[PDB]
Amino acid sequence: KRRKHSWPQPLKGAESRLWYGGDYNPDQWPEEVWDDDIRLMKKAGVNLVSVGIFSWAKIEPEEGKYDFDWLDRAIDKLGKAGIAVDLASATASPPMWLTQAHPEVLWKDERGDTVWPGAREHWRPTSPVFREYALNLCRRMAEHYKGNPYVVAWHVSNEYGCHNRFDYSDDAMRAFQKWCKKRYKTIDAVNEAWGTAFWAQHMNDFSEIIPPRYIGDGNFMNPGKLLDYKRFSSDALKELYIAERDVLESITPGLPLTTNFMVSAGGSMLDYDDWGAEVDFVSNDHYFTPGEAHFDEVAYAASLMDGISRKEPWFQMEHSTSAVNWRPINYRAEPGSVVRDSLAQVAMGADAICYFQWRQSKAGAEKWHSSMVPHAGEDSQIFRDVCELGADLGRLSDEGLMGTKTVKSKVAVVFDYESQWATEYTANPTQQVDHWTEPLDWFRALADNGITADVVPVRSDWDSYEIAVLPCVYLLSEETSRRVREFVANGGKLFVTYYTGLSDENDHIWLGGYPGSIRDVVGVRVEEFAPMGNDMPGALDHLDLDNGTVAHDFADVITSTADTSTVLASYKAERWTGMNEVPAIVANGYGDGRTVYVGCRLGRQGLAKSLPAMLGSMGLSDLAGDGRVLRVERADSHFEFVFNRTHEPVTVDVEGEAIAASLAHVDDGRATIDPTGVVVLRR
Amino acid sequence: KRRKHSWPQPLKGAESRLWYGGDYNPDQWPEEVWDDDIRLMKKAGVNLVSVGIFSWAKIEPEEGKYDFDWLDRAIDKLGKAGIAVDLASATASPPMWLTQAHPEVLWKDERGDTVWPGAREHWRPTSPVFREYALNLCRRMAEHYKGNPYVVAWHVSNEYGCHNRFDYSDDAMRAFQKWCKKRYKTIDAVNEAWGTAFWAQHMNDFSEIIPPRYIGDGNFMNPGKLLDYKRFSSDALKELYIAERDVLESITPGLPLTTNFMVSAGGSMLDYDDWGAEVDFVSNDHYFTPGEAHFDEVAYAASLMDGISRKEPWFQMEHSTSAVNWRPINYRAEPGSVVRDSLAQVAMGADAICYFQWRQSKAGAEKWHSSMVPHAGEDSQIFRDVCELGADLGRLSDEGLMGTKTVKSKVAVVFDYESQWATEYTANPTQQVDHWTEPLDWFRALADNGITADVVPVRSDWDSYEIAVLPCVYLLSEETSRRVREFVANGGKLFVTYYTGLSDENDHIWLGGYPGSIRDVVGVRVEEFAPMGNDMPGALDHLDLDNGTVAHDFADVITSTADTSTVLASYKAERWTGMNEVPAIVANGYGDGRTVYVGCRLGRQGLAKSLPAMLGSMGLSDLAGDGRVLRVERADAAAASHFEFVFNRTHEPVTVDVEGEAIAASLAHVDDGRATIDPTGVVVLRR
């Protein structure tokens, strides 16, 4: 069911190398400028660029008229310079002539208001009119470029669902109704799934399924329907991508196809693990979070990408050299980030490193988004760094890094797109809790304890690891619940947190005490929750634990533990709160395995501090190591990538021959690595 | 180009006195109250009121039916009492019969939702049918009141664009299409200006230009288009005002016309410098900012008005005696504000002082807005201050203040409405930075150093000043860039800050290092920005400078400086940030001039502390002074006679040296050349 892995191949006369480059948009610059791009690209070690992504209005400037010459010239200029082309379908966003002639392609928001042109991606995922136009352009691009010697892959569309994830038009309403019929078969199944006995929502047939349109601010949508609308929206965009991909493939067999994902700790527009089955190689867009989380979350996202790709080499389609344009405050990246963040992505399995974008735009909505050639030009620290990185990727290529894979960790941290979606409902126990923050917190706390985890999607093989973490995995089906029992019974070591296994996949609650489907594995029983916050005078805002850590946002009221369990920590609180001496962290044995249940949100800091005790109870005291650096390994040969995780230079022992270094010095088996520094070793 | 300055003239062709009064709405009160109004106006020294401003529904109660008699009688009563009338066109807001009959006049928001009656100004600036109705009323008003001996000016409409600056209806679509054709001539030029090669936005003809309508929350409009839509929206309202002005004038030639602007530090609904060319006298509405900025920003805004009026006497059409109605918390003004804020406006060149409004409303949306006669009545501190101020304006009139002009400062602080509009785009380096805060910060910091600046619109003559400041002037066209270059080369002393000259007039980036069009003038090169804030844990929220100030919000990463420059200050920071020892304040010599580049936001306090060293580098240490007070002077041509206005800027009484004869004082006194001024106090001297 997964497509066979197929990676973009070198140009004639060229050898196999790490791909390096970024989005390139010659149609935004006078043709005169292109020769300068080629000169700077060669200087930087660029060998691949992605072209034509938003070029629909240039390629088809009016309906039924096509203009390829400019693009043929650009591609030829790149190719004869030894730079390969990842060619877009150009179907990311339609021209004004198209939308003026066919306003029915525009998506509608919850209130039924039309979303107009003015920005990008303003089209309905289920519009048959838009699909027709897109497939036409796909056919004509593929027919024109099928003989081109410089094209090495297809970049289908761009970031499906970045702006048009949700549509509430009648096209969407009809498509959702059909999607529900496919999923549930009978209207009574839908009624039971969504619990429509409540609030007189019973439906007599599929015409009575309407999308989660506007219901008045502050009012509460049917949560089953809302969750399914997210599943449906991801499937709808997926079916369109499949159609475009198949048209391109029909005309250019043997050219690998991808589309760019938006995988980040807090990004959940689509079920990207599901989508990963539909590409020839998985590719990602990731932009750093400014501040204290910058490095760790870059590493985390790249690890999840390696999980999505099932440890096959994957493609970093976009990231930024420094500031983006779209945040309330676009902080710059710390000096060193260009090489460092990129080599983190390589460490986590990327065999291609690309940026948005090659040359910083001088006009338009993204002119303030950093690029490889800044507004300042080639005399810039960023461009010097871009050049250093290209040379580094060349050296890693000479060393044969291509095709190696990131080693299997002893620990898997589970991520679940659908659980994230379930946690987004507005009448959960607290709207402060999303699934997504917990696996990040665990990844980081494990790293503080010198352990590099793999981030593994819930449908993938986390139960083949020695140790795994279920961090706020809100949904657990009976099937997943069974995988959990067997994982532990067979000798696995499993961490489980609050907000795990509250409901099944239809968001029906597992009754009898939380977590209702696996409470006998973890040996705790929760009767009630105690959310915390600062929005109510005198309400509970934190809970100290007796192990020197502090819970925030959420705590389980654990009222019994198994006779096989050990309480590792308990809350301390004023008596009237009822939370004093309630168990907070509980260890258990079950079959041949061990669990630790963490009944509250402890964050990176509290988890990191609690980990020695928790690992101890599991028989894993020997696992901990040096948390000042992250150590990431690829192997077919072993390559170790070592990153300073702190704000001060650190010295650590390193084995092997240093083959790359940025802001770091290796001498006599020891590396002094500056903040934002990295060393790469081979042996 | 500019209209010849024409000032409202006194009743009976007598002496031109300082005008004093406010908005007057007899149609809101039973007629017995009108006689009470007259008694109290006389006691207060009121000599001018503005009437009929929102009276459309009373004057034209049904289509083509007119009821003038109440207004005729009110104007007669006023004039016989010696009180002049500033007559409105009454076209500010339409009656229910009009909007009920013609829903198509109502403006539409970005989502296409109709904005209904229920408040005011709910009409599309480019509606042809509303224009027909407005011009008809203008004509009927002018024909009826022509030759009235008590009417001294026209108050055209009211605050254009206060509520209807933006319309997204099809009338606006058509008008914006024509406006783009006028500006750019060809669709190729529009495409080039807006950089439409990006995101497949290329347009084949002018029918493919649509207004910046709803694109979904959190999405990014074409910034060239958004900026031009603000230009267009200002121009569209200006064209309507010009049409109303022209009809009125064609019927009552010689009667001076104005419309009331909304000039304040943070106000930018329209390009008010552009609009200033279209009125016979420039008039403003300004309402104090509660808290620590109160006095300084009153002074600033009035200075900017004097800039817009090119130093011609101007008209304070509205302000508040105390609290307004429209803030989340309507703080009252400090006692003394009635006289003090009004005399600050006079000091900055106003020959008329008026309030919204004469009598506090007992009903309606603005009943909680303070007024000259409070709900409390004539027995109130506010009415007593109102009477004191009227008496003071009488005394200043006796001393011949009218017609003098605010003296030219040694420093011009530059303000650019269009730069403010550009900084409003939502995908800039940081959305915390607006152009408008910086010129205010510099004005206050200069005042802290005993210097009263002129606030000067960018198209005006700042390059004729000894010293000028470009404070976050985000846009610099080629033309303005040349003026900067010549200004410095010829001996001008120039301050330039971060967020200046990033782009040309169509928001195209000047390439090669910021500020891309004048980096050789200031002798610095910026490769990237280091914005700062408190919204991301662990990101920088500040940078200490090595001169004992602290930057917030934004810092330039200066990576080189010219051979002729001198670093006056640099950042101190943790090494990992990359900002340690990066230059923060850099002086340069360029031709016979001097510059200082300030690459970060230092605020009033940091700028005030840094100014002595900065001025020093320009060769100007002697420009210092006592910042406890603001001194503002007016003078006649020949600079024969001088008037000095002195304001306490602090919270304790101050005593300062003053030359000349005291002619007015509030919460203050002058004795043998020493002015003792209480907080919120003011003295006025004649030399």
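Please note which helices (runs of 4 or more DSSP H) are completely contained in the range B:399-504 and include at least 1 residues that are in contact with a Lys or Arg (Cβ under 6 Å, 6 or more places away or on another chain).
Counting at least 1 such residues, we get B:417-423, B:437-448.
Kindly check whether there is at least one residue in the range B:298-321 that is more than 24 Å from B:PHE643 (Cα to Cα) and touching a helix residue (DSSP H, G or I) at 6+ places or on another chain (Cβ under 8 Å).
yes
Tell me which residues, restricted to the range A:344-368, are more than 10 Å from chain B (Cβ to nearest Cβ) and at positive phi.
Of everything in the range A:344-368, just one residue is more than 10 Å from chain B (Cβ to nearest Cβ) and at positive phi, namely A:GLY349.
Out of the residues in the range A:259-293 meeting the condition of being within 14 Å of chain B (Cβ to nearest Cβ) and of a type in the set (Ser, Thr, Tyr), tell me which one is farthest from the chain's Cα centre (by Cα).
A:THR289
Here are some residues: A:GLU63, A:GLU31. Which one is more than 35 Å from the chain's Cα centre (by Cα), under 21 Å from A:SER157 (Cβ atoms) and within 14 Å of chain B (Cβ to nearest Cβ)?
A:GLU63
B:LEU511 - would you say it is surrounded by fewer than 24 Cβ atoms within 10 Å (Cβ to Cβ) and of a type in the set (A, V, I, L, M)?
In short, yes.
Take the residues of the range B:256-275 that are in contact with a strand residue (DSSP E or B) (Cβ under 6 Å, 6 or more places away or on another chain) and assigned to a helix (DSSP H, G or I): which is surrounded by the fewest Cβ atoms within 10 Å (Cβ to Cβ)? Walk me through it before giving the result.
The initial filter retains those residues of the range B:256-275 that are in contact with a strand residue (DSSP E or B) (Cβ under 6 Å, 6 or more places away or on another chain), namely B:256-258, B:260-263, B:272-273.
Filter once more, so that each one left must be assigned to a helix (DSSP H, G or I): B:272-273.
Working: B:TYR272: 22, B:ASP273: 24.
It comes out as B:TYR272.
Has the range B:127-141 got any residue that is away from every other protein chain (no Cβ under 14 Å), on the phi < 0 side of the Ramachandran plot and not in a helix (DSSP H, G or I)?
Yes, some residue in the range B:127-141 is away from every other protein chain (no Cβ under 14 Å), on the phi < 0 side of the Ramachandran plot and not in a helix (DSSP H, G or I).
Within the range B:572-592, can you find the residues that are within 30 Å of B:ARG482 (Cα to Cα) and in contact with a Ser or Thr (Cβ under 8 Å, 6 or more places away or on another chain)?
Filtering the range B:572-592 for residues within 30 Å of B:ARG482 (Cα to Cα) gives B:582-592.
Matches in the range B:572-592: B:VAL582, B:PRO583, B:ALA584, B:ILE585, B:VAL586, B:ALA587, B:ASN588, B:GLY589, B:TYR590.
From B:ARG174, B:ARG140, B:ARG124, which residue is farther than 30 Å from B:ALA81 by Cα, surrounded by fewer than 22 Cβ atoms within 10 Å (Cβ to Cβ) and of a type in the set (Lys, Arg)?
That would be B:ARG174, the only listed residue that is farther than 30 Å from B:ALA81 by Cα, surrounded by fewer than 22 Cβ atoms within 10 Å (Cβ to Cβ) and of a type in the set (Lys, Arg).
If the requirement is being of a type in the set (S, T, N, Q) and within 12 Å of chain A (Cβ to nearest Cβ), which of these qualifies: B:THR595, B:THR564, B:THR549, B:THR577?
One residue alone meets the criteria, B:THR577.
Which strands (runs of 3 or more DSSP E) does the range A:505-572 wholly contain that include 1 or more residues that are under 29 Å from the mean Cα position of the chain (by Cα) and within 15 Å of A:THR430 (Cβ to Cβ)?
By residue number, A:550-561.
I'm told A:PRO253 meets every condition in (1) assigned to a loop (DSSP other than H, G, I, E, B); (2) buried (at least 20 other Cβ atoms within 10 Å of the Cβ) except one. Can you identify the failing condition by its number?
Failed condition: (2).
Which pairs have Cβ atoms under 8 Å, sit 6 or more apart or on different chains, and link a residue in the range B:90-104 that is on the phi > 0 side of the Ramachandran plot and in a helix (DSSP H, G or I) to one that is surrounded by fewer than 17 Cβ atoms within 10 Å (Cβ to Cβ) and among the basic types (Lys, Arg)?
none
Confirm whether A:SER565 is under 16 Å from A:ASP441 (Cα atoms), hydroxyl-bearing (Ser, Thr, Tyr), buried (at least 20 other Cβ atoms within 10 Å of the Cβ) and in contact with a helix residue (DSSP H, G or I) (Cβ under 9 Å, 6 or more places away or on another chain).
The answer is no for A:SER565.
Search the range A:369-392 for residues being of a type in the set (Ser, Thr, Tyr) and within 27 Å of the chain's Cα centre (by Cα), and hand back the single one that is farthest from the other protein chains (Cβ to nearest Cβ).
A:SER371
Please enumerate the residues belonging to the range B:276-295 that are aromatic (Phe, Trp, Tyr) and surrounded by fewer than 24 Cβ atoms within 10 Å (Cβ to Cβ).
Across the range B:276-295, the qualifying residues are B:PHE281, B:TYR287, B:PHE288.
Taking the range A:428-448, which residues are within 23 Å of A:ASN219 (Cα to Cα) and surrounded by fewer than 24 Cβ atoms within 10 Å (Cβ to Cβ)?
Hits for the range A:428-448 are A:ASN428, A:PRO429, A:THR430, A:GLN431, A:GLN432, A:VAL433, A:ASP434.
Would you confirm whether any residue within the range A:38-56 is within 14 Å of chain B (Cβ to nearest Cβ) and either aromatic (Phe, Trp, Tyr) or surrounded by fewer than 15 Cβ atoms within 10 Å (Cβ to Cβ) (or both)?
yes
Looking only at the range B:517-546, which residues are away from chain A (no Cβ under 12 Å) and among the β-branched types (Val, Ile, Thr)?
B:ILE518, B:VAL521, B:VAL522, B:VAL524 - these are the residues of the range B:517-546 that are away from chain A (no Cβ under 12 Å) and among the β-branched types (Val, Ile, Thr).
Pairs under 7 Å by beta carbon, first residue farther than 22 Å from A:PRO675 by Cβ and away from chain B (no Cβ under 14 Å) in the range A:648-659, partner aliphatic (A, V, I, L, M) and in a strand (DSSP E or B), six or more apart or different chains?
Close Cβ pairs (under 7 Å, with a partner that is aliphatic (A, V, I, L, M) and in a strand (DSSP E or B)) amount to A:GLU655/A:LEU681; A:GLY656/A:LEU681; A:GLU657/A:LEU681.
Out of A:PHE639, A:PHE643, which single residue is within 14 Å of chain B (Cβ to nearest Cβ), in a strand (DSSP E or B) and farther than 21 Å from A:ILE467 by Cβ?
Values: A:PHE639 fails: within 14 Å of chain B (Cβ to nearest Cβ).
Sole residue among the options that is within 14 Å of chain B (Cβ to nearest Cβ), in a strand (DSSP E or B) and farther than 21 Å from A:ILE467 by Cβ: A:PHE643.
Considering (1) more than 9 Å from chain A (Cβ to nearest Cβ); (2) small (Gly, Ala, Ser); (3) at negative phi, say which one B:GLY161 fails and leave the rest.
Every condition holds for B:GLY161 apart from (3).
Restricting attention to the range A:592-599, does a residue exist that is surrounded by fewer than 16 Cβ atoms within 10 Å (Cβ to Cβ), part of a loop (DSSP other than H, G, I, E, B) and not assigned by CATH to the domain that holds A:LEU494?
Of the residues in the range A:592-599, the ones surrounded by fewer than 16 Cβ atoms within 10 Å (Cβ to Cβ) are A:592.
If we keep only those that are part of a loop (DSSP other than H, G, I, E, B) as well, we get A:592.
In the following step, the residues that additionally are not assigned by CATH to the domain that holds A:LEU494 were identified as none.
Within the range A:592-599, not a single residue is surrounded by fewer than 16 Cβ atoms within 10 Å (Cβ to Cβ), part of a loop (DSSP other than H, G, I, E, B) and not assigned by CATH to the domain that holds A:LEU494.
Quick check on this structure: which one of B:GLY218, B:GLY224 is out of contact with any strand residue (DSSP E or B) (no Cβ under 7 Å at 6 or more places or on another chain), within 14 Å of chain A (Cβ to nearest Cβ), surrounded by fewer than 19 Cβ atoms within 10 Å (Cβ to Cβ) and within 30 Å of A:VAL115 (Cα to Cα)? Talk me through it step by step, then tell me what you get.
On the way: B:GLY224 fails: surrounded by fewer than 19 Cβ atoms within 10 Å (Cβ to Cβ).
Only one candidate qualifies: B:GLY218.
Taking the residues in the range A:92-119 that are more than 9 Å from chain B (Cβ to nearest Cβ) and under 25 Å from A:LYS230 (Cβ atoms) as candidates, determine which candidate is surrounded by the most Cβ atoms within 10 Å (Cβ to Cβ).
A:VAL105
Out of the range A:179-198, which residues are among the polar types (S, T, N, Q) and surrounded by fewer than 14 Cβ atoms within 10 Å (Cβ to Cβ)?
Step one: of the range A:179-198, the residues among the polar types (S, T, N, Q) are A:186, A:191, A:196.
Across the range A:179-198, the qualifying residue is only A:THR186.
Check the range A:658-672 and report whether any residue there is surrounded by 15 or more Cβ atoms within 10 Å (Cβ to Cβ), part of a strand (DSSP E or B), basic (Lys, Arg) and not assigned by CATH to the domain that holds A:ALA447.
no
Counting neighbours? That spans all protein chains shown, and the Cβs are built from the backbone with ideal geometry, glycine included. Basis: the model, the stated rules and, where named, an outside source; no laboratory read-out is quoted.
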